[PDB]
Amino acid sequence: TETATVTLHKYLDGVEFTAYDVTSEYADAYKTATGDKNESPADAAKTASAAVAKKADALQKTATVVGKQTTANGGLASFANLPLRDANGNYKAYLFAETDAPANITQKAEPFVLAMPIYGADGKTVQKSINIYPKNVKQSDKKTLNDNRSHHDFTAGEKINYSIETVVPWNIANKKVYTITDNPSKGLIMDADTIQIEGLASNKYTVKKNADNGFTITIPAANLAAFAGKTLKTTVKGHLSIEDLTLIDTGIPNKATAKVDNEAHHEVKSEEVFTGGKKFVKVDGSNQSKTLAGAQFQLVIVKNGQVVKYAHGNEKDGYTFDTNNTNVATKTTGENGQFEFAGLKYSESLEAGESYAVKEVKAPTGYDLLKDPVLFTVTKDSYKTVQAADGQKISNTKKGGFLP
């Protein structure tokens, strides 16, 4: 019989709020918050109220609804006679969430948790009627690169992880179609096969690949009933494929646009990814102005001064690495001495103690075959700034003449 009234003030009539019962979840968050401590801390209420608030979306689907009220009379939604206690004298906690609004409303209230009891200004008298002022937040579309590094560099062929987040309006039911159009900048190929959408089975949308190597997701508006006024979470992979060498050491963002019927949302883009390279010149070690033709260099990995891996493929098709010493990515120098490997991730992103190197496997006529591989370093901007003639010199020792 001991109850409290709880009034939410939105700021705007016509906004629905739902009250859910999160007593056990609150309790568990609060037992966590306290631990083996002799008294619960003063701020354990706050800590547990936030921990449960984080799980609002999942709990909206599991937790028992206890009230539902729509704001009227100056933005007031009043939840009356909310019990302070359960049948066994444990104190109730309540999750409040905005669950419907007018179409035009751009700002949604944040879900917040209220555990009973609340005390007045004194800290001693139980409040029998509580007034809450929920904070609003602007939802917005976002595409994000998922890579927990300060440097966003990849070898060609390597998987890149992306997330796409796009808001579903409150009136999604009064709509025909919802489209997510992924447009990757030149160099990045999106892997439509890897698309997943959280809480939305594949039998509820379709996926076409488009000519820019991106894709378009088409979702009938009727299939997104449960996402009204929420954000859709789309994960998808991509990878680099370079058909144009001026893209080496440029930042390549992924991009996506959301559209409800005809009317598009703003475009949004991720952070930029890079691939790298190195340019070389084969020269007489005694006369470096002489470039040498007919050198064959294969791309390897070394650690502890020994060949651990060989490369396979190229900046378009992608590189694999492995202990197989056949069909190795190989280059041949012309008269100008020049060759290059590009589409490689930075040397700093290799595994501990590894380095790239070029092992010679055919020597220019009349020069010695290098006995050991030749280490090199890739970094941001190490391909693009270096003119081919200004490449990393590799020094060959001429074979001498004969005499008795």
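In this text, residue numbers run from 1 along the sequence as written.
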Quiz item: Can you say how many deposited residues have no coordinates in the span between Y11 and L12, choosing none, 1 to 3, 4 to 9, or 10 or more?
Solution: 10 or more
Quiz item: Can you tell me which stretch has the higher mean Cα B-factor, 205 to 213 or 129 to 137?
Solution: 129 to 137
Practice problem: Please work out which of 56 to 64 and 338 to 346 has the higher mean CA B-factor as recorded in the PDB entry. | Solution: 56 to 64
Practice problem: Please work out which residue in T155, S241, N174, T333 has the highest C-alpha B-factor recorded for this crystal structure. | Solution: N174
Quiz item: In terms of the CA temperature factor given in the entry, to which third of its chain does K303 belong: lowest, middle or highest?
Solution: highest
Exercise. Would you mind ranking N161 by its C-alpha B-factor against the rest of the chain and naming the third, lowest, middle or highest?
Key: lowest
Practice problem: Please place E267 in the lowest, middle or highest third of its chain by C-alpha B factor as given in the entry. | Solution: highest
Exercise. Relative to the other modelled residues of the same chain, rank the CA B-factor of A101 and answer lowest, middle or highest third.
Key: highest
Practice problem: Place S24 in the lowest, middle or highest third of its chain's C-alpha B-factors, as listed in the PDB entry. | Solution: highest
